[PDB]
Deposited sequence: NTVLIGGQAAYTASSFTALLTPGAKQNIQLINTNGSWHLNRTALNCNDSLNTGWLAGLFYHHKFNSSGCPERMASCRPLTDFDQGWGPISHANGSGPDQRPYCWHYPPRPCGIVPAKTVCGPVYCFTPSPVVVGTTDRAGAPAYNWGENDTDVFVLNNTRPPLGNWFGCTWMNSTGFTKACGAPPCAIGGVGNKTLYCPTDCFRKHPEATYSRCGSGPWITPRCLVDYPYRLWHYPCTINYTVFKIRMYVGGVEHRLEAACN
């Protein structure tokens, strides 16, 4: 009722209470990114075609090989707007560093709330240094989710994932350059195709260059189980 600027009410569901979101946002260069948490179809995409010109199609890869291994991703300071980005291995990230909902991908989108580091649900908006997200993961079906993405305190999308495939590295489904390089073996986040990321309410925030991707009702299987979900593709 008081302080009318909070309306982060746009289906960030799955969190026992809203006090489970970590909300440490700075916008210190004053660019408008933080306003995107609340105003969703306003992204200025005029710089984007340049940003994603930088990323290179799956066509740069070669059939053959056969011995797919796994490797830890780099986690370069590049924003992970590109599919090919090899996430850093998922870990224990302090809530002191993050702004807005945190999503992991099973592939289906899921939300992680702030916990005790022991693992007990915290309800302090992410203020105390005892508030963290535990994102350690293993690929489903046995594991929990393939990877997670969220937002920096200062307007940078962060990415967290299971080790991409080797042989040359593939963190999504690139079945054309090897028939076992499926998503279920190599998927490390929301990108299930070099052209398709999964849809969730904060995709346009975290992945704002995907503004014009089309949204499809799809079906995927990790070890035979069926996830119905929606994906955005170009």
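*Asks:* Deposited sequence versus model: which ranges have no CA atoms?
*Replies:* The deposited sequence has unmodelled segments at 1-21, 189-195.
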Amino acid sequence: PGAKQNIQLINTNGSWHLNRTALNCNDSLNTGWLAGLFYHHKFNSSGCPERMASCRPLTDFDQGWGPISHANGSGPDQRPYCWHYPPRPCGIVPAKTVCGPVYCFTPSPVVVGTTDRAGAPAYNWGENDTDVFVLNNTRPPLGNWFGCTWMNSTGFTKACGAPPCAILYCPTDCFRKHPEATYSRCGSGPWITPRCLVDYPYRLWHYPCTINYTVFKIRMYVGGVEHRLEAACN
From here on, numbers count along this sequence of modelled residues.
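*Asks:* May I ask you to compare 189-197 and 66-74 by their mean CA B factor in the entry and name the higher one?
*Replies:* Looking at the record's C-alpha B-factors, the answer is 66-74.
*Asks:* Looking at the entry, does 126-134 or 149-157 show the higher mean C-alpha B-factor?
*Replies:* If you average the C-alpha B-factors of 126-134 and of 149-157, the larger mean comes out for 126-134.
*Asks:* Name the residue from 46, 31, 54, 184 with the greatest C-alpha temperature factor listed in the entry.
*Replies:* Top of the list by C-alpha B-factor: 54.
*Asks:* What's the residue among 91, 107, 100, 80 with the greatest CA temperature factor in the PDB record?
*Replies:* Highest C-alpha B-factor among the listed residues goes to 80.
*Asks:* Once the chain's modelled residues are ordered by C-alpha B factor and cut into thirds, is residue 38 in the lowest, middle or highest one?
*Replies:* Middle third.
*Asks:* Would the CA B-factor of residue 143 place it in the lowest, middle or highest third of its chain?
*Replies:* Middle third - that is where residue 143 ends up once the chain's C-alpha B-factors are sorted.
*Asks:* Going by the recorded CA B-factors, say which third of the chain residue 118 sits in, lowest, middle or highest.
*Replies:* Within its chain, residue 118 is a highest-third residue by C-alpha B-factor, going by the deposited values.
*Asks:* Within this chain's modelled residues, let me know which third the CA B factor of residue 212 belongs to: lowest, middle or highest.
*Replies:* Its C-alpha B-factor belongs to the lowest third of this chain's values.
*Asks:* Using only modelled residues of the chain, where does the Cα B factor of residue 222 rank: lowest third, middle third or highest third?
*Replies:* Middle third.
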